[PDB]
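Observations on the model geometry
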Amino acid sequence: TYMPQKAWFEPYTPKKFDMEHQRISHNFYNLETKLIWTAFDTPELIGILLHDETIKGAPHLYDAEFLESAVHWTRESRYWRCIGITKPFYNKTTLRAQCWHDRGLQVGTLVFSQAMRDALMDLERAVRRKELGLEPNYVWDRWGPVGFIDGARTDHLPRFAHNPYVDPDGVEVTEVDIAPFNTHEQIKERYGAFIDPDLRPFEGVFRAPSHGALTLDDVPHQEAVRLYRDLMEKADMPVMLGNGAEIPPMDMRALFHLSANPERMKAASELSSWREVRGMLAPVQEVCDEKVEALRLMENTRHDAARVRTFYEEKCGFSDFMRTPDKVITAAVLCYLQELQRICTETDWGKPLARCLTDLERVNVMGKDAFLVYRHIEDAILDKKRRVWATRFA
Amino acid sequence: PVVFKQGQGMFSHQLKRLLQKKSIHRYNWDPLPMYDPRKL
Amino acid sequence: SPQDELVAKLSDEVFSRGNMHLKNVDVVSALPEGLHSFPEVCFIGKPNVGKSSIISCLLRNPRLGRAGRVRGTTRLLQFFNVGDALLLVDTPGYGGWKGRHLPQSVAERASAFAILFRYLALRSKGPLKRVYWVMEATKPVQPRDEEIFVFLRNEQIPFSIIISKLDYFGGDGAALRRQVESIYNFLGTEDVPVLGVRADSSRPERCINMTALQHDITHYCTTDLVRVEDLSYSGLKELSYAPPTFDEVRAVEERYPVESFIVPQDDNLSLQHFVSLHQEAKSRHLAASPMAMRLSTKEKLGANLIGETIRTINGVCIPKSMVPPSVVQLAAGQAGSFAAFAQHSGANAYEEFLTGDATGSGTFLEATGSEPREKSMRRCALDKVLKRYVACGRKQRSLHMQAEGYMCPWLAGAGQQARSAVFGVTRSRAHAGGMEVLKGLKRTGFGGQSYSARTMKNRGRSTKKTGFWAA
Amino acid sequence: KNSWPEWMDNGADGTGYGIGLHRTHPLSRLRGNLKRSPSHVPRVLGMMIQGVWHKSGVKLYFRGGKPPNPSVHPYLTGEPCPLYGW
Amino acid sequence: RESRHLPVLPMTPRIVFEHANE
Amino acid sequence: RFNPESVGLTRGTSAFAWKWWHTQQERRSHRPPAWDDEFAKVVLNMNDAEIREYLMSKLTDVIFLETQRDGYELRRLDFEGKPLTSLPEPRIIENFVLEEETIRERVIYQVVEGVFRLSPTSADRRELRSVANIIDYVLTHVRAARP
Amino acid sequence: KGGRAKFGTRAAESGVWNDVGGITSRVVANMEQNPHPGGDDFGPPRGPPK
Amino acid sequence: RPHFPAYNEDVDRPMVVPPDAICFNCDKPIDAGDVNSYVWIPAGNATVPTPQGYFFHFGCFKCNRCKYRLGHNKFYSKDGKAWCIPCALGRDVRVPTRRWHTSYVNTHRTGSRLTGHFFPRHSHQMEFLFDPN
Ligand SMILES: Nc1nc2c(ncn2[C@@H]2O[C@H](COP(=O)(O)OP(=O)(O)OP(=O)(O)O)[C@@H](O)[C@H]2O)c(=O)[nH]1
Ligand SMILES: [Mg+2]
Ligand SMILES: [Mg+2]
Ligand SMILES: [Zn+2]
Ligand SMILES: [Zn+2]
């Protein structure tokens, strides 16, 4: 079997500083470097990073300035990744994307490598195909975290002259052709369509109610699901007797709000129709759905990386997070950052809720009913997973 | 690492005479790692 | 446990004193029997399963137990004396040796297997205390493993199983359970002891379940002891065994000839399929070769082409055409054997005389001329000096025999006295056998000559007293 | 370990850039691999006479001909880098 | 580590040797 | 016969080699802002050994409730009358490892935020897969909380 | 000994008799084929700090 | 000792470079006789495509799937493309220790010259000579 020998543990203690400049330099170095490396390698784990640093004693993480820096570094990290940069930092003082050679060909031209030149060759080939009108086959759109999305092949940059890239349409690119494209804005105005993601389809994803693969069978209150089915049958609409039925998330939100506290369930069961059952919950549900969704999107993403993967899959409809392309991944991460910014800014209660890390403090800052609903939902998820584990064991 | 053999070339002819030089000598005393004197 | 704690402290005390390489054995006569008669433990198995690696890890020296990726690193019995009280026997791998391009491969491999199986069959009663069948981690059962089990169940030798390459499972208890389940299905016994252990003499931390093996081999080496005083370190060092008798050593060499140990290059074809492919290909060659049709069926019997019978381990017969002449010269070259004695004293006096008479000029013909000038005496004198003192060419000498037994085999000078010299005892009449237990032979010996053959240096013709040409 | 940086042993570049005996100024803060101890004389003589064979298939410090004189090399002034030349 | 970026092989002496061979 | 010191390292090893083959700032107390001053006073005034016993008993009860809700009985059941044991076994609790992510996150959310009011980082959540590691983590935390 | 007595199987027409004139360095530069042989820290930082 | 003829006689069926000639991995035209940069593999067959032997570029005689050299200088035609035996049999991609993106092969059928069609081709061609008619 596998057995670890021993693991060390370090106590969480906030760093003390005698003067202000020391604290400024420390927070800059530590937090900025960690955030940039995260946004470069795996920008999804920014929430885990923020949670860990707040646990270690970083108070100013959930501020508007830090969140703006985070989204800016995420956008620039996507830009660098599309350029073909491997390491975000050339030195501890300056970034790698801000290195200009002097006394050479140009004094402000970014210092390019052969890998960056080949990536610009790919970009220019895609742009020339787009201009000719035929289907532009950008090679790195099928590139993901685990590797290529569909092709089990292996590719590596820079490509040599013995095994170069072949184009069935005959479009050719050359370093002599890319030579004028040397500055950041000049290459952005040309290859913007391939470096920038698309965040439009996600504008209403994080603000919409969702459940972690929860269905009517996994509802903890059999009486609640049966009374919901009886109301839907009293209404002139057909019902599905099978456990795997498609129920709307807005309706399942009210179902969980009912099943959380039994008083409201008994008060709503005597009503005539599910229409009235949702109407009587509408006033209290509006002031709690936003809060419970915010709490869920922060908790399920600040604890473990696998939970972040599952959350992103469930909310974006992705089949596999290792198979989905990196552009839409970056788009979803940026939209999640914008959602966190909205929660922190537009709502005054969001910043203390984000700073709170324990159940006691989250109950103190959150409505008791909303916390009960959220705990019931997450406990239903945990019960489903535990039943799956029991079926595995048996 | 670097091995020494006969040669029969000019490099070996030079080494046979250069390796006879007496290197600078200095009597270094035994260190005191356990009983640090200037610590007392 | 009372006995388990005592054997544990004993194994630690013996192994902590160091070890060395005692003697390599290639012929059945040159065995450690004598002043070096320790209780032995052997490790047999297919090539490249970790036999020498386990030995080197038990001996705590990577360079002592030679191990390598290429098969055929060990081609003879390597006796390792641990703490001057036990012997660990490293055996050659039974199977195809790939990548080893040593000359006389067939003869060297046949000699390697001959000494292996004849040693196991002979000294199974002692001092070979335990046999350990080393098998690979995930390698399935092969016909070579079948040949090993058939040999063991016919000789009735108890053996333990050691599953090496334990790192291949990577902590998969389920795969290990299915591996031992496949072993129990092939063996047919649930009670057979199996110990899984890997061996890395380079780094001690990589080893797992390795300290339990030295405790196990000490357990089987001390099971002959009866008293607790014998269980002590002094009692184990005093434990020694007697040499085999002529009757039992002759029987095992007759049933297991050197020519029978011919294995295929691969490890998938059994001996039956290997000998059938020889028969099929030889029959086609005879029916296709024109000069083969020029011979008669009686001449083919003389040329052992169309055709006592040599039986292998499995019991299948091998034709004489399958045995190459290099193996025949090997068996006749092995000192202290019947074949070497038959070559010296004449295998067939009537047949060899007529053969030599026909191949030469004649039995009574001298200084004949077939149907220049002869070599001068000054040349023959110079040629004799260059042969004797430069080329070191010498003449053969005679072989000696016991006179008291050669004159009359049924007297007391020959041995095999059925009488009981000791009077007043009741246990001597029950205790019998070719090999018995004698206490203290390592320090007392038989009396006079105690070492076996090929033990001392500069013996016989290789004396350093008078030089080479004097012999 | 060694006092001199590890790029003098194996340069940071894949080609082996920055291999050889580097002399430093007495008042400088950088440290080089030119040492005259009885233990360092073997490797110094090796670099001067035999050279250094790189796994890429080229001799970095001394291919052949006139051997370099590390006692008269200009003093070391920095370290290599992948972005710029030096 | 886990890095989401373009496939980039480090400049290895073996790679330099292969390029020189070509 | 048995001359390891005379023979070389290629022919034998000595007892010595055989034996040695096997052988060879300022601190400031910080309390987590999760719990209250009275709770910190109680948990730092009770004891150290008693706090370890408290950890052990509470974690035992929590994981036993969890495993009995799951259905894997950790109680010793005799085969004469099919009864249940009196109390959980501390040795079995210590030997009980938390390999399943679901059960481990459930028990840590139940006992760590319940009666300890602590919150581990990502690496600590990764490492806290054993009851021994949980005990070590909470012990380090209460030691840091101590004045 | 094969072929010649002093030279053995080493034929005069094949190769050089003694290929060690003076000293020879058995070491080969960058024999490990590491991606970054400049040291533990050199040039760009590798991985996030702490 | 070699047991194969030299200077294979093509009087029965001449093997000449066609005027139009494309590649198998590339389907692009090649040089006819001015440069031997192509690889000719003749077998005396009009079987499509590229009768009396197909053609390959030196650089492109490699496998088309894994883009690697050939093991024993033997390629596998797969729906118009040339694959390697490990690629055709379905085994995993094995990176060779030697040259990667080019294989050991001679130019202008020099490597495939010692085997193929020789003189005489058929049996009825010898009796044409030994008969007076
Ligand atoms: N991973 C692993 N490799 C092993 C283990 N044991 C042996 N090997 C490897 O297998 C090779 C064969 O080891 P040997 O000790 O020569 O096996 P052998 O049975 O003595 O070989 P022969 O003398 O030819 O019969 C060695 O070079 C080791 O590298 C093991 O326990 N685990
Ligand atoms: Mg061996
Ligand atoms: Mg030179
Ligand atoms: Zn081509
Ligand atoms: Zn292929």
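Residues numbered from 1 in each chain as written, not as in the entry; some residues may be left out. Chains lettered and ligands numbered in written order. Part of a larger assembly, values for the part shown. Heavy atoms only, no water. Residues with missing side-chain atoms left out of burial classes, pairs and counts.

- For this deposited structure, the header cites cryo-EM as the method used and 3.1 Å as the resolution.

Thoughts on the overall build of chain F
- If you tally the helices and strands in chain F, you get seven helices and one strand.
- Along chain F, helices (α) and strands (β) appear in the sequence β-α-α-α-α-α-α-α when read from the amino end.
- Over its C-alpha trace chain F gives a radius of gyration of 24 Å, far above what one expects of a compact globule, namely 15 Å for 147 residues.
- Its C-alpha atoms give chain F principal-axis dimensions of roughly 75 × 60 × 30 Å. (Helix = DSSP H or I, 4+ residues; strand = E, 2+ residues; numbered from the N terminus. Rg over C-alpha atoms; globule rule 2.2 N^0.38 Å.)

Observations regarding the pairing of strand β2 (residues 40-45) of chain C
All names here are of chain C.
- Counted residue by residue, β2 has six buried out of six residues, so it is predominantly covered.
- Neither face of β2 is open: one carries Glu40, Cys42 and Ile44, the other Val41, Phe43 and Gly45, and all of them are buried.
- Bridge count for β2 against strand β4 (residues 86-90) is four bridges, and the pairing is parallel. Across the sheet, residue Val41 finds its bridge partner in β4, namely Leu88.
- By the bridge criterion, six bridges tie β2 to strand β5 (residues 128-135) in an arrangement that is parallel. Residue pairing in the sheet places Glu40 in a bridge with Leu128 of β5. (Buried < 20%, exposed > 50% of the residue type's maximum accessible area, 1.4 Å probe, protein only. Pairing = 2+ DSSP bridges.)

As for the site of ligand 1
Residues and elements named next belong to chain C.
- Taken together, the neighbourhood of ligand 1 is formed by 20 residues, with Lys51, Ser53, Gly72, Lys165 and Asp167 sitting nearest.
- Between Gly72 and ligand 1, the recorded distance is 2.8 Å, taken from a backbone N or O atom to an oxygen atom.
- Calculation on ligand 1 without its partners gives an accessible area of 650 Å², and the protein chains cover 85% of this total.
- For the shell around ligand 1, the per-class residue count stands at five nonpolar, nine polar and six charged. (Near = heavy atom within 4 Å. Polar contact = N/O pair within 3.5 Å; in protein donor to acceptor, adjacent residues only side chain to side chain. Areas by Shrake-Rupley, 256 points an atom, 1.4 Å probe, with all protein chains shown as cover. Nonpolar A, V, L, I, M, F, W, Y, C, P; charged D, E, K, R; others polar.)

A closer look at the packing of helix α3 (residues 49-70) of chain F against helix α5 (residues 101-116) of chain F
Residues and elements named next belong to chain F.
- Two elements in contact, α3 and α5, have axes whose closest approach is 10 Å; the angle formed by their N-to-C orientations is 140°. Taken together, the axes of α3 and α5 are oblique relative to one another. The interaxial crossing formed by α3 with α5 has right-handed handedness. On the side of α3, the interface is formed by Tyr54, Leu55, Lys58, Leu59, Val62, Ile63, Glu66, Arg69 and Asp70, while α5 contributes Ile103, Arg106, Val107, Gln110, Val111, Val115 and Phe116.
- Split into classes, the residues belonging to the contact of α3 with α5 amount to ten nonpolar, one polar and five charged. (Axes fitted to C-alpha atoms, helices over the stretch in contact; angles between N-to-C directions. Parallel < 35°, antiparallel > 145°, perpendicular 65-115°, else oblique. Left-handed = near helix turned anticlockwise from the far one by under 90°. Contact = heavy atoms within 4.5 Å.)

With respect to the arrangement of the chains
- Across the 13 pairs of chains that are in contact, the largest number of contacts falls between chains A and F.
- Note that chain F does not reach chain H: the shortest distance linking a C-alpha of one to a C-alpha of the other is 34 Å.
- Between chain G and chain H there is no contact, and the shortest C-alpha to C-alpha distance separating them is 15 Å.

Section: the interface of chain G and chain D
- Taken together, the contact between chain G and chain D spans 13 residues of the former and 20 residues of the latter.
- Interface of chain G and chain D: buried area, both sides summed, is about 1300 Å²; carbon and sulfur atoms make up 63% of it.
- At the junction of chain G and chain D, the tally comes to zero salt bridges.
- Where chain G packs against chain D, one counts two residue pairs in polar contact.
- For the side of chain G that touches chain D, a count of residues per class yields seven nonpolar, six polar and no charged. (Buried area = accessible area lost by both parts, 1.4 Å probe. Salt bridge = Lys/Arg side-chain N within 4 Å of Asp/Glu carboxyl O.)

Side note on the interface of chain A and chain F
- Contacts between chain A and chain F engage 34 residues on the former and 31 residues on the latter.
- The contact between chain A and chain F buries some 2900 Å² in all, and 52% of this surface belongs to carbon and sulfur atoms.
- Seen at the junction of chain A and chain F, the total is four salt bridges.
- The closest approach of N and O atoms between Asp383(A) and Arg106(F), which form a salt bridge, is 2.4 Å.
- At the surface where chain A touches chain F, the tally comes to 13 residue pairs in polar contact.
- Listing elements by their share of the side of chain A that touches chain F, those giving two or more residues are α2 (46-56), α14 (359-365) and α15 (368-393) of chain A.
- At eleven residues, the largest contribution of residues to the side of chain A that touches chain F is made by α15(A).

Re the packing of aromatic side chains
- In total, this model carries 41 aromatic pairs over all chains according to the counting rule given.
- Ring centres 6.1 Å apart and planes at 65° place the aromatic pair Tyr312(A) and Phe321(A) in the edge-to-face group.
- A relative accessible area of 1% means that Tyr312(A) is categorised as buried.
- Ring geometry for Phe151(C) against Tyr256(C): centres 5.5 Å apart, planes inclined by 55°, an arrangement best described as tilted. With a gap of 105 residues between them, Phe151(C) in helix α4 (residues 143-155) and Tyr256(C) in the loop between α9 (246-255) and α10 (271-288) connect regions that are remote in the sequence. A single burial state applies to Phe151(C) and to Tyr256(C), both of which are buried.
- Among the aromatic residues, those joined into a cluster by ring pairs are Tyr94(C), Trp97(C), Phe113(C), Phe117(C), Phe151(C), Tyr256(C) and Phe261(C).
- The ring of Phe338(C) is capped by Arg250(C), whose NZ or CZ atom sits 4.5 Å from the centre of that ring.
- In this arrangement the basic side chain of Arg117(F) is found over the ring face of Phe39(F), its NZ or CZ atom lying 4.5 Å from the centre. (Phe/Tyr/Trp six-rings, centres within 6.5 Å; stacked < 30°, edge-to-face > 60°. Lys NZ or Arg CZ within 6 Å of the ring centre and 35° of its normal.)

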